[PDB]
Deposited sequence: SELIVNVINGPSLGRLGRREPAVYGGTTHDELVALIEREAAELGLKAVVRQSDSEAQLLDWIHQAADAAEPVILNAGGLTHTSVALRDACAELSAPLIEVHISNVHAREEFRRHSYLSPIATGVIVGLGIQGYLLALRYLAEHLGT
């Protein structure tokens, strides 16, 4: 049901695509853009506590942030990492270089893999 879709620090049109696709795939996507690491974590925790899956796009943090990795290690559901362009890992899966479609394809995986 509830899929968190989160972006780290670095749009309106897109948020509708993911939202519409989730509705159409029988999910409910909460798409949120963070402006600081402290709330990125705030939001990963909320997701762990609620046992919710996460589609994450945060580059740079992926390679160094123990806090972020320890937050992600708390999840009871898949963590899919998405990267819009080509150029841890706790990530259950990774999609990179497939454009904005990566977000949608990650929704498609979550829709056929729900527990």
Expected output for missing-CA ranges on the deposited sequence is 1 to 2, 13 to 28, 106 to 117, 146
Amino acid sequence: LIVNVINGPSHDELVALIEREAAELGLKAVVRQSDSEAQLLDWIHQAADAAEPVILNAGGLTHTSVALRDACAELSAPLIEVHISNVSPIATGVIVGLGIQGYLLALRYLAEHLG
From here on, numbers count along this sequence of modelled residues.
If you take the mean CA temperature factor per stretch, which one wins between 32 to 40 and 55 to 63?
55 to 63
State which stretch shows the higher mean Cα B factor in the entry: 19 to 27 or 102 to 110.
19 to 27
Which of these, 77, 82, 50, 90, has its C-alpha atom at the highest B-factor, as the entry lists it?
90
Ranking every modelled residue in this chain by its Cα temperature factor as given in the entry, which third contains residue 3?
middle
